[PDB]
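Residue numbers (the deposited numbering), protein chains in the order written: chain e, 37 to 560; chain h, 21 to 528; chain A, 18 to 160; chain D, 16 to 244, 267 to 528.
Contents: one structure, followed by commentary.
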Amino acid sequence: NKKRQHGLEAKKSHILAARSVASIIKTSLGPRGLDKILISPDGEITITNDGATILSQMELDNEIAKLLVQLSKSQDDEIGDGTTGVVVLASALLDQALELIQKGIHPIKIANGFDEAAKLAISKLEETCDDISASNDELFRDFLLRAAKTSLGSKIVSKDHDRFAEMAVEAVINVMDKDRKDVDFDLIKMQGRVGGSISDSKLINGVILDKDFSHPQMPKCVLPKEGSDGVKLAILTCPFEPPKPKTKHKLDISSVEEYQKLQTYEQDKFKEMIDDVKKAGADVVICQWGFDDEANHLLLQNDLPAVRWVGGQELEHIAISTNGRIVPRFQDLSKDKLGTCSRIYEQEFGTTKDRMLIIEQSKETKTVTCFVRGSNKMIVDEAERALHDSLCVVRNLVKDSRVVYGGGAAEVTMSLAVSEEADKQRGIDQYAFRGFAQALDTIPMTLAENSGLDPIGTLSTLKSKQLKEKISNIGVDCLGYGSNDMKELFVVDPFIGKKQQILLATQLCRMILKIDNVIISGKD
Amino acid sequence: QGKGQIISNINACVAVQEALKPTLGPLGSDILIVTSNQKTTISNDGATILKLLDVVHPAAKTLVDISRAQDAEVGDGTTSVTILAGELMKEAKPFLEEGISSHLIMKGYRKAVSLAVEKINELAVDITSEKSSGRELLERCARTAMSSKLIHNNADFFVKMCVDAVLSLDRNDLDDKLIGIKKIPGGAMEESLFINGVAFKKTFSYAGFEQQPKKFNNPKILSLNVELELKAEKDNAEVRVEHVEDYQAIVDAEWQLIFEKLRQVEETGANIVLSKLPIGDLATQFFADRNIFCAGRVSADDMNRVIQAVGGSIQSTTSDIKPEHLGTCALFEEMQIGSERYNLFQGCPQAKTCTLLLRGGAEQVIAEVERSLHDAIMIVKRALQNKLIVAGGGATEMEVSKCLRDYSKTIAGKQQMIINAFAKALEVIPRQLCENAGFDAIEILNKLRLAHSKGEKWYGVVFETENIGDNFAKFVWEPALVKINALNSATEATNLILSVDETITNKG
Amino acid sequence: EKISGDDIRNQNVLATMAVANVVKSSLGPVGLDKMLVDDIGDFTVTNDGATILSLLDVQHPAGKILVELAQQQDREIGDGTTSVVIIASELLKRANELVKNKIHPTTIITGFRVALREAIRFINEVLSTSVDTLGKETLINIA
Amino acid sequence: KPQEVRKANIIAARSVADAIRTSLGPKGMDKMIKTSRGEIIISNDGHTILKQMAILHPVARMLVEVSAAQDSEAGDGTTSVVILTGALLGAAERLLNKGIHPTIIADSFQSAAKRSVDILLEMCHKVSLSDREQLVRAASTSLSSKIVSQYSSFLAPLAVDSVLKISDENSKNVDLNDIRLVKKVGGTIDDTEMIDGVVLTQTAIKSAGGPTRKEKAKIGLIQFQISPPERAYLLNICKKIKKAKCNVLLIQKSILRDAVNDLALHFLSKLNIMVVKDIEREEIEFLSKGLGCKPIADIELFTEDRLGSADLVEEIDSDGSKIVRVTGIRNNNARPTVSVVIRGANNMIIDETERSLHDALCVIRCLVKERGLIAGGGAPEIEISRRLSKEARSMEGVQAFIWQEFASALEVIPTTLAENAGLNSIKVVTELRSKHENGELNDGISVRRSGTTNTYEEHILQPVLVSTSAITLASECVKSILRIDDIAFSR
């Protein structure tokens, strides 16, 4: 079960495979983009326009495509923005290469050209960069928001998405420190409840997890009581109560004395264990198993809410901000072995009776977990993806104040620059540098084709104004506004992101054009 | 059967040559090989290609044998031994059809390899301290081999990671295992960092670390083959209970037993505790209270080198530890390279090894300069091991081919045809060096023949400018024993292929 | 039918080399003979190269070229007809290898013309006139 | 589905072009054609290829019409009009795959041709009707590919001066049917006889009685075979030819027997009428035309108004040639008839040699039709590509994108010339463009030099008509094929 094909004709097989990958992802590019139906292994129906999930759930058997996907993962992991453009641009770069192959251009002569042409394009893009953070700090916050809405207004939340941008820009403002000059995106957890509306999503200044207090007589809010070590959370596997197995018992009872004798044992272990909560230093107790009712009533006098059947990772997320520990026994617990917060309160959301638990530090917290609602279970999944992506939108805008005015205008601006350097080639490479422009044009072309605009005249419309007039942003009208000028529409992409799109795509040309054999061995 | 078995055997050898044909050279092409483990590799390394080649034809299994041995016997030449050996088979097709017996063919190849290696011996130039040293010679060779790469702008950083990395190795016992290579995602090529020690993952799914001293001026390393944990952050384990009152007592008792092991380690006094198995939360905070380093996920490749670095060893027992199991370096510190946790030892004076930590934009982007450093390490390795230098880049195959033609001018008889083919076959190396590089093979080969015939024995293939030039002056230097053992290896390989007249198959 | 490229070039070689198998053995006073048979059953065996080719039934269109060129050698000079086919088939067989090495057919033809242009000069050097018969008669050994 | 119809029309025509692609150039590859009549032919003549292709594909039979039109228009380079058509169709396939409707495509090719002809008019090397230096220069270089081109230097004034006499200086049309080339065995290649009148392939009466010549000769054409099923009947037939005093008689070659029974031939001798036999149908169209006479099919319809007039009628028998020349027609309705007798060694040599001169006659006509010489070696195709690419940069809209693809298609001629010459295709066209960045006519693909140089300096120029009609007629084919919407049978 191996392949046999000799000559450059094998590269025609390889490129024709890439055209299949593109025919999938192509139609997903743009805010007017078309969705894909994803058949889950279990039959679950997922509908998304996100090329990261489209490529992740895309299953193809040609190993050339498996390379294209594995390499595109680096766009999602390092940057997290335009994985879609990596595949779309690469396909066009390979499509123009197919023409170069037939013209007799040696495979390496092709690769050397795309490398030097990228050195021209990225440089000419830098000549047009702009500083989104210029002037005042309040202007930074303003423009930071104006762009964040461009990523959120493209999803189902677009009706009132400004509210998801409210939590996003304010979150990264809380999570970003200009002295640190970096944003640890793991400091933000994405979590919501199934059902609700856009206005039911909240900006939460602290940790919220899918839990509620296990006993209604315990206080829904615990405070340090003016000066204590905040609110400590007990993270244990066993409850504070007389020991009772959760599998089998097998306690032989020989007489009535022995029968009720366990209740005597329970009374001392009831008060001992609930005193061991207070002595151990827990203000609330969360254990993998629940707590005895009589212990629960003895906990009441000390205001010791508790929660049952909770996994370690969920309490870990709290323990990250509170510096808690999973101590094997309650006897070695301390004010520090049990992590500390300032306030734990249980919040009800209108008709939502879930009443989730929120852990705050009564100050600027080291972590936030924002609250997401949406009218359909699957809307919530994508809505949190919008917060994930818009979190990376502002994360890159913090990383690099340099931005480009996008919408295909930067690609056409770079395309025109490549055509300017075409006349300066006057050599064999002139064949290849020109094709780089023909490939750069496929991004604004794809943007127009997914929008319902003229696939050819749109290219001449953008090139006309970006050539005869000025480098002023002349974008694609996919948003349905009046005309071009994304500076007026405040549609902006990160500079470092577009640089990575061009450079990573060039790497894909180095990877695909330099594979001459596909040897697929069997398995024993 | 008969001579037709040779014809079929030759056709099998052609398959191997054509497969490895594009792999030759720094400008060469990669092969995508899907393994039975579903792991797929894309590599230009002939050894990687060989390990996964999956040859089933008994005749071509011979070519794998001589090539796999070329790797361990010499250390380089896994591609050239398959190219040269294959062309010596391709040149044999017309000679077999004309009825030249296999002894007549093989005898001449055995006479030719003797006549050829003699001239490889004549060409060798002795370069150890010859008007050069570490900083000059190794840079002239490393800067050349690392040219025409994604580091074209950043060579000084990879020359630092190349020449000073290998020159700082133990030269009395010099081997590739002395430099480890670890892929660090994130960063830039001009910012990629090298370390004197070895690195570790320390990426546990449990958070709450780093609030623990990770740095010691005089660490004391204790390595265990067992885990140090009780309560796991993710899964759990069955704990057996004897009584409803002892259901929670065994949990307390489980604290006692692991606390006891951690207590005996607490007294042991190791400032660094390494383990091959995961470390739990009880030990996480416990050793934080002890203010010593402890981490699992340590490999033997990292750990056995730690033993050389600090002078410890592995002892799982908590009470039976002999002082010789603990050692100390000049500095230990967990490194945050590239905004990612990679624990390492820093500046161990007893360490005979080091590690290049590779930073870059993407994992594949690193891989491009990764195998480049892999080769660069070998570039210096041979610069020190082999004082006898022959001109690389095809110049040797030019020099030999001329002497072979003169032997065919003087030697008359049935040996004349065989000698000439042995020479014609040596042009497959410069031919594939040109076709894999993108040059005009007919133009370059004809200019190589005319230029060499003018008396210049150092002419060779220049990859920077499509031209023929003095590769000796370009410091494109290759070991003599590599070319000698490769040429002897190929001749024996052709003696194995040409000498088979029957294949006997036991089926069942 | 449309046959072009590597196919028609390989078919032309199979034809020319096949024709050579009919002339290969006819060269020399120690030659081996070949016999030709028609439908009515007449048979003839000859070592004469002009007869071997003159009676040869060639159907492949590339061989019809080899015969037309060979017959002209006989009509014009009357000898050297055996060398025509043998030389030609080795020229084409080795030419096929040149084609597979990415040498354009025009380049091959141009250079083959150059070699002939030089060859006549080397013939002028090695040849001798009607001599070696006066003072010593090497035609004695011819006799 | 009209997209399937167009797909088939494009694929089919491309396969015809890929067949001729190898034939362009003096180093061109030969095509073998096995015909249904049982003859296998091998030739590099392009019209021969498509003529004997016997194309059955209804769409590809338009490509034959393209070839014949190029031959009747200019008469040279008819290989290139098919190659140009092929590239424009291959580029059209790219345009069709881009989703541009054929109507937009065709009209854009129309506008490209309008600009393309103007580009050729710019680079025109000026000629003149009196410029016999350049006329002899170019004509003999068009004969340079022939068997003996050294003797073609003397064949040059044959073609040049003979056409300059038949054609007025200020004239837009020359008729190549009015210049008849006739072969004759004997003589040398430089030996030809150019006659300012009609030339008869036969002589006077075959048997004794031939007058061989006439003064004040009136030429009639009676074509019908005269033989007995007789004396008075066969004699009276030819008597009336004497009645109107007709002194020269032309008789069409008959499929029954020889022209006329000897009774009426010797009677025509007794009538003193010069008898010319075995005249061909096309000869009558040539001969009766220049003479200003009307042919008569039968022997009964002889009349007086159809009498001719010839100043000189004599038998030209040189070393046993036996061909008659008639000069001094002086007919009000006639045209300057020119006929040439081609002397030479072998009958087969003079037959092909005549055809080599027909090629040359087309060259001079092309220069009279439209003045100018254009660089050979595909140089005008590289120059046009650069100019239309430059103009497509300022042109806006889908019309610009199609203009750009037109420029890509213009490379098929310099590319084909380079491939059949055995030079690296990209190397050559790269060098061609670099040279056109400095020079204009200073460029061209040279077979002798194996590189780029000035075909003017290499004495390789082609009539501007050849290039102008090549682009013009090609745009007509592109329109015709792209406009094919469906194929239906009629019965």
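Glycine included, each C-beta is placed from N, C-alpha and C at the ideal position.
Check	Outcome
Name the residues in the stretch 293-314 of chain h whose C-beta lies less than 8 Å from a C-beta of chain e; which are they?	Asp301, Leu302, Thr304 and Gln305
Which two residues bound the contiguous alpha helix (DSSP H) that contains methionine 450 of chain e?	445-456
If distances are taken between C-alpha atoms only, which option among e:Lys185, e:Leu103 and e:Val122 comes closest to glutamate 206 of chain e?	e:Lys185
Taking Cβ-Cβ distances shorter than 8 Å, what residues in chain D pair up with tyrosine 467 of chain e?	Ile463 and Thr467
Considering only DSSP beta bridges, list what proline 500 of chain D is partnered with.	D:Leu410
What in chain D is Cβ-close to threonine 33 of chain A, meaning under 7 Å?	Here the premise fails: no neighbours, minimum Cβ distance about 14 Å.
Taking contact to mean 3 or more Cβ pairs, one atom from each stretch, closer than 8 Å, check whether the stretch 489-502 of chain e and the stretch 49-65 of chain e are in contact.	no
Note the first and the last residue of the continuous beta strand (DSSP E) segment covering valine 193 of chain e.	Unbroken run through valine 193 of chain e: none, as it is neither H nor E.
Excluding the 5 residues flanking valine 62 of chain A on each side, which residues of the same chain have their C-beta closer than 6 Å to its C-beta?	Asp50 and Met52
In the DSSP assignment, what are the bridge partners of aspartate 146 of chain h?	h:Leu408
Rounding to the nearest angstrom, what Cα-Cα distance links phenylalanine 306 of chain h and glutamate 247 of chain h in this structure?	14 Å
Note down the Cα distance separating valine 132 of chain D from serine 431 of chain D, rounded to an integer number of angstroms.	19 Å
Assign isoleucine 289 of chain e to buried or exposed, taking buried as 16 or more other Cβ atoms, counted over all protein chains shown, within 10 Å of its Cβ.	exposed
Could you tell me which uninterrupted alpha helix (DSSP H) segments, each at least 4 residues in length, are contained entirely in the stretch 128-155 of chain D, listed from first to last along the chain?	none
Do you know offhand how far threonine 490 of chain D's Cα is from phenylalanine 495 of chain h's?	41 Å
Please report the straight-line C-alpha distance between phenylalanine 365 of chain h and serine 333 of chain h, rounded to a whole angstrom.	15 Å
What separation, rounded to the nearest whole angstrom, lies between the Cα atoms of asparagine 31 of chain h and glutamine 435 of chain h?	24 Å
Does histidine 121 of chain A get closer than 8 Å to chain D when you measure Cβ to Cβ?	yes
Taking all protein chains shown into account, decide if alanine 432 of chain h is buried (16 or more other Cβ within 10 angstroms of its Cβ) or exposed.	exposed
Going by Cα to Cα distance, which pick from h:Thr304, h:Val385 and h:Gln335 is closest to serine 110 of chain e?	h:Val385
Would you mind working out which of h:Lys254, h:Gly24 and h:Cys314 sits nearest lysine 235 of chain h, comparing C-alpha positions?	h:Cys314
Going by DSSP, what residue range makes up the beta strand (DSSP E) through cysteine 323 of chain e?	320-323
Can you name, in chain order, every residue of its own chain whose Cβ lies under 7 Å from the Cβ of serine 422 of chain D, other than the five neighbours on each side?	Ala444, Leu447 and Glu448
Hey, quick one: how far does the alpha helix (DSSP H) through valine 230 of chain e stretch, first residue to last?	Per DSSP, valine 230 of chain e belongs to no alpha helix (DSSP H) and is neither H nor E.
Drop a sphere of 10 angstroms on the beta-carbon of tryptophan 440 of chain D, count the other beta-carbons inside from all chains shown, and report buried for 16 or more, exposed for fewer.	buried
With a threshold of 6 Å on Cβ separation, who are the neighbours of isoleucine 327 of chain h within its own chain once the five nearest residues in sequence on each side are excluded?	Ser333
List, in order along the chain, the chain D residues whose C-beta lies closer than 8 Å to that of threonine 124 of chain A?	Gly459
Does the structure place the stretch 102-112 of chain D close enough to the stretch 507-519 of chain D that three or more beta carbon pairs sit under 8 Å?	yes
Return yes when the Cβ of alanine 58 of chain e is within less than 8 Å of the Cβ of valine 123 of chain e, no when it is not.	yes
With DSSP as the reference, label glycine 45 of chain h as helix, strand or coil.	coil
Classify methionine 385 of chain D as buried or exposed, calling it buried when 16 or more other Cβ atoms lie within 10 Å of its own Cβ.	exposed
Please go through the same chain and pick out, in chain order, the residues whose beta-carbon is closer than 6 Å to the beta-carbon of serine 106 of chain A, but skip the five residues on each side of it.	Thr33, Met34 and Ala37
For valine 378 of chain D, name the three-state secondary structure that DSSP assigns.	strand
Expressed to the nearest angstrom, what Euclidean distance is found between the alpha-carbon atoms of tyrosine 226 of chain h and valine 400 of chain h?	42 Å
Which whole runs of the alpha helix (DSSP H) in the stretch 420-499 of chain h are 4 residues long or more, in chain order?	434-445, 448-455 and 461-472
For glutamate 384 of chain e, is the classification buried or exposed, using 16 other Cβ atoms within 10 angstroms of its Cβ as the cut-off for buried?	exposed
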